[PDB]
Amino acid sequence: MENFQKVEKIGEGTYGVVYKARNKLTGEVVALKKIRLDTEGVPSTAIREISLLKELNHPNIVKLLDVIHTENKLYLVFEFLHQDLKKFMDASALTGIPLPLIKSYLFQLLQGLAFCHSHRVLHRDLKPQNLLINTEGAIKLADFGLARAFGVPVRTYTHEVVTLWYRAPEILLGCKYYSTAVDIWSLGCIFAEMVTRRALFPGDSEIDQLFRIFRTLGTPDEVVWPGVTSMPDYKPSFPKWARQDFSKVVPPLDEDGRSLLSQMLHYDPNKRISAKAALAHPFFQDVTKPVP
Amino acid sequence: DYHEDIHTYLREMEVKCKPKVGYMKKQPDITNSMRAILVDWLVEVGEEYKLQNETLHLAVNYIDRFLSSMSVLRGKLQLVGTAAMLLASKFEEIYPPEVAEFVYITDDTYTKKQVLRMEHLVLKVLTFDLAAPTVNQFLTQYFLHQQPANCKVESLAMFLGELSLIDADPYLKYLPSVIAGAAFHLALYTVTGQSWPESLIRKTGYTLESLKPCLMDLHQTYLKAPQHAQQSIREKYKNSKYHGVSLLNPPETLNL
Ligand SMILES: CC(C)c1[nH]nc2c(NCc3ccccc3-c3ccccc3)nc(SC3CCNCC3)nc12
């Protein structure tokens, strides 16, 4: 680790401390992820992040550049980006994000996510704080610490994955099985959050998060989502809200953006839109790569 | 359409995550027999700790790849197997067993220090490449092509799939995708008289003909299974969970 000069502490994400650092011989600027080891060995977060990102080389997926082990330290060396999508939306809170940049950003995310899915990887924590931007108008999936390699067909994996606000309904209802739709839900949430610069479903409990979803898309029934009413954490006591009209949910949004968001927030995970299919949606006929 | 994409990626990757076929001849102090004892133990270890079958298929892939590049004396072979199984559990399990339990099941043959240090060495030697295709990852996909789904066939193909793990000769010379076809067809022919379906000849590119070499080795293994020195897989596959299909009669011939 002698070739890197610490510049500042960037922060903490899903695990470890992240530093901005300069390579003293090449001048290259990197993000270093420090992981302390004490006393179960290398965390499963690191083992999964490293192994999966080595198989996920894509321009819309952040690059793992090296892994270093020194005494009781593990450093993952990553490409650096000066900005995350969260802080960018805070700066743009009053102004707005320009629609073509909302489109470019969503396009890129679906390209990065489609690559993950076609390489049997669930991200399972897509949210503005794990999506990084640069100056050339590029956005990238980061933090695969809570990712996982999935199978065909899926087994049961970890319950209470995904940050509450971005968590799909089939998780809150405790489906035995979840797969790639979980990741599409999150980007649904993030799409609308770019449009309105407020979080779509900002719950404080699992029940409040569900009820926010139901208030907005309607309480699902055995017609909308066959199976729902006999899912583990479904209660027949739940209020029946009718479906709010989308022109109210995302006012700024054209018929094509509304069509896509609708299909990205489909209740039934089997009918919810895939990344590949989403990329082919008319909303993306006219897409460019504008600058922030 | 992300399903066909995964099958393709796994077929690319199962060629790169492949161990060297005759690596055991270059191992001065260990043999196939020692290996097959360690693998059969890791089954027993899977069962006590209720680990996924995939956890075991990955641990063996890690062991074989590690022994393809590192000389290991026999007194160290259980440590490689222990470290690989801890690595595979960390990757694939919701609740990976804690290090101090992997120590307990070695009966203090090795310290925590040694298990943790072999995990670092194993990671180093596999260059953190732990997301390897397994027989079980192809099996589970093949199972979606049943006409219709048959829980005796699934458990039998899995069972057969596990039997291949034990015997480096001649299974190490077959790709996971190919073993999993042999396993599937043999389980299907055993339980229902049906054969390798058209849907999978299209998916995989594998003719029943192309599976024949592996399917004849796997037939023998199946036949000679009750007499094999390693019996932990037949014990495990009696539980009702697996529809006690290790109690079924292998066919005498395949009409090939
Ligand atoms: C590890 C790899 C994938 C990586 N590459 N670039 C990264 C980066 N740049 C962002 C930054 C740089 C320099 C000063 C400040 C910030 C910054 C800090 C907070 C919010 C917004 C911006 N940060 C992070 S850490 C994360 C903390 C939790 N969520 C958001 C960022 N990892 C980066």
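Residues numbered from 1 in each chain as written, not as in the entry; some residues may be left out. Chains lettered and ligands numbered in written order. Heavy atoms only, no water.

Per the PDB entry, the recorded name for chain B is Cyclin-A2, and the organism is Homo sapiens. Under its PDB record, the entry appears with the title "CDK2/cyclin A2 in complex with pyrazolo[4,3-d]pyrimidine inhibitor LGR6768". In its Sequence similarities section, the UniProt entry covering chain B states "Belongs to the cyclin family. Cyclin AB subfamily." (UniProt positions renumbered as here; feature names shortened; annotations may be inferred.)

Where the PDB entry is consulted, chain A appears under the name Cyclin-dependent kinase 2, with the organism given as Homo sapiens.

A.B. asks: Account for the overall build of chain A, with residues named and values stated.
C.D. replies: A count of helices and strands for chain A gives 9 helices and 10 strands. Computed over its C-alpha atoms, the radius of gyration of chain A comes to 20 Å, within 12% of the 19 Å expected for a compact globule of 292 residues. The C-alpha extent of chain A, read off along each of the three principal axes, is 60 × 45 × 30 Å. Counting every position in chain A, which comprises 292 residues, the buried fraction comes to 55%. Summed over all atoms, the accessible surface of chain A reaches about 12700 Å², with 51% contributed by carbon and sulfur. For chain A, the centre of its 36 positive side-chain charges and the centre of its 32 negative side-chain charges are spaced 1 Å apart. (Helix = DSSP H or I, 4+ residues; strand = E, 2+ residues; numbered from the N terminus. Rg over C-alpha atoms; globule rule 2.2 N^0.38 Å. Buried < 20%, exposed > 50% of the residue type's maximum accessible area, 1.4 Å probe, protein only. Areas by Shrake-Rupley, 256 points an atom, 1.4 Å probe, with all protein chains shown as cover. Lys, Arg positive; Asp, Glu negative; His and termini not counted. Charge placed at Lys NZ, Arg CZ, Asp CG, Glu CD.)

A.B. asks: Give me the lowdown on unusual backbone geometry, citing residues and values where you can.
C.D. replies: Omega for the bond connecting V152 of chain A with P153 of chain A falls within 30 degrees of zero, at -5 degrees, which places this linkage in the cis form. Inspection of the secondary structure assignment puts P153 of chain A in the loop between β10 (148-149) and α4 (169-172). Omega for the peptide link from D169 of chain B to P170 of chain B comes to 10 degrees, which places this bond in the cis form. As for its placement among the helices and strands, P170 of chain B is situated in helix α9 (residues 168-171).

A.B. asks: Tell me about the sheet that holds strand β1 (residues 4-12) of chain A, and name the residues and values.
C.D. replies: Residues and elements named next belong to chain A. One open sheet holds the 5 strands; their spatial order is β1-β2-β3-β5-β4, and the pairing between them is antiparallel. Each edge of the sheet is formed by a strand with only one pairing partner; in this case those strands are β1 and β4 (64-70). Neighbour-to-neighbour, the strand axes of this sheet turn through a mean angle of 25 degrees, independent of strand direction. Sheet topology note: the strand β2 (residues 17-23)/strand β3 (residues 29-36) ladder contains 6 bridges and is antiparallel. What sits directly across from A21, in β3, is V30. Lying on the sheet, helix α1 (residues 44-53) is in contact with β3, β4 and β5 (73-79); it crosses β5 at an angle near 35 degrees. (Pairing = 2+ DSSP bridges. Axes fitted to C-alpha atoms, helices over the stretch in contact; angles between N-to-C directions. Contact = heavy atoms within 4.5 Å.)

A.B. asks: Can you tell me about the sheet that holds strand β8 (residues 131-133) of chain A, naming the residues and giving the values?
C.D. replies: Residues and elements named next belong to chain A. Spatially, the 3 strands line up as an open sheet ordered β6-β8-β9, and their pairing is antiparallel. Looking at the sheet topology across the chains shown, the edges are occupied by β6 (83-84) and β9 (139-141). Pairing of β8 with β9 involves 3 bridges; the strand directions are antiparallel. In the strand pairing of β9, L131 is matched with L141. Sitting on the sheet, helix α3 (residues 99-118) is in contact with β8 and β9, with an inclination near 30 degrees to β9.

A.B. asks: Outline the interface of chain A and chain B, supporting the account with residue identities and numerical values.
C.D. replies: Between chain A and chain B, the residue contacts involve 32 residues of the former and 32 residues of the latter. Between chain A and chain B, the buried area comes to about 2900 Å², and carbon and sulfur atoms account for 58% of it. Summed over the three residues of chain A that lose the most area to chain B, namely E40, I47 and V152 of chain A, the buried surface amounts to 22% of that side. Linking chain A to chain B there are 17 residue pairs in polar contact. Among the secondary structure elements, those contributing two or more residues to the side of chain A that touches chain B are α1, β4, α3 and β10 of chain A. Grouping the amino acids of the side of chain A that touches chain B by side-chain chemistry returns 12 nonpolar, 12 polar and 8 charged. (Buried area = accessible area lost by both parts, 1.4 Å probe. Polar contact = N/O pair within 3.5 Å; in protein donor to acceptor, adjacent residues only side chain to side chain. Nonpolar A, V, L, I, M, F, W, Y, C, P; charged D, E, K, R; others polar.)

A.B. asks: How would you summarise the pairing of β3 of chain A if you had to cite specific residues and measurements?
C.D. replies: Residues and elements named next belong to chain A. Within β3, 6 of the 8 residues are buried, leaving the element largely enclosed by the surrounding structure. Following β2, the chain reverses through 5 residues before pairing antiparallel with β3; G27 in that reversal takes a positive phi of roughly 85 degrees. Summarising the sheet, β3 and β5 pair through 7 bridges and their orientation is antiparallel. Across the sheet, residue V30 finds its bridge partner in β5, namely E79.

A.B. asks: How would you sum up the domain arrangement of chain B? Please name residues and give values.
C.D. replies: Residues and elements named next belong to chain B. Split into domains, chain B comes out as domain 1 (5-18 + 132-256) and domain 2 (19-131). Between the C-alpha centres of domain 1 and domain 2 the distance comes to 23 Å. With both sides pooled, the region where domain 1 packs onto domain 2 buries about 2100 Å², and carbon together with sulfur makes up 56% of that total. In terms of surface lost to domain 2, no three residues of domain 1 exceed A132, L165 and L172, which account for 29% of the buried area on that side. (Domains from an automatic or database assignment.)

A.B. asks: Which residues make up the environment of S195 of chain B, and what values do they have?
C.D. replies: Residues and elements named next belong to chain B. Structurally, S195 can be placed in the loop between α10 (176-191) and α11 (198-204). Taking C-alpha positions, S195 is 8.8 Å from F184, a pair spaced 11 residues apart along the chain. Leaving out residues up to four positions away in the same chain, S195 has contacts with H185, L188 and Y189.

A.B. asks: So what about the state of the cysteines? Which residues, and what values?
C.D. replies: If you walk through the whole model with that rule in mind, you get 0 disulfides over all chains. Here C175 of chain A stays unpaired: no disulfide links it, and the sulfur of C189 of chain A, its closest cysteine neighbor, is 18 Å away. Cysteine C151 of chain B remains unbridged, with the sulfur of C175 of chain A as its closest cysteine sulfur at 18 Å. Among the residues examined, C151 of chain B registers a relative accessible area of 43% and is labelled partly exposed. (Disulfide = S-S within 2.5 Å.)

A.B. asks: Describe the site of the ligand, listing the residues and the values that go with them.
C.D. replies: Residues and elements named next belong to chain A. Residues in close proximity to the ligand total 17 residues, the closest being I10, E79, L81, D84 and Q129. Within the backbone of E79, one N or O atom sits 2.9 Å away from a nitrogen atom of the ligand. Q129 is positioned with one of its backbone polar atoms (N or O) 2.8 Å from a nitrogen atom of the ligand. When the ligand sits alone it has 660 Å² of accessible area, and the protein chains cover 82% of it. (Near = heavy atom within 4 Å.)

A.B. asks: Account for the packing of α10 of chain B against helix α12 (residues 208-223) of chain B, with residues named and values stated.
C.D. replies: Residue and element names in this part refer to chain B. Here α10 crosses α12 at 70 degrees, and the two axes come no closer than 8 Å. The pairing of α10 with α12 is recorded here as roughly perpendicular in orientation. Between α10 and α12 lies a crossing whose hand is right-handed. Residue-level contacts link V178, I179, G181, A182, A183, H185, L186 and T190 of α10 to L208, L211, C214, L215, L218, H219 and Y222 of α12. For the contact of α10 with α12, the residue count by class is 11 nonpolar, 4 polar and no charged. (Parallel < 35°, antiparallel > 145°, perpendicular 65-115°, else oblique. Left-handed = near helix turned anticlockwise from the far one by under 90°.)

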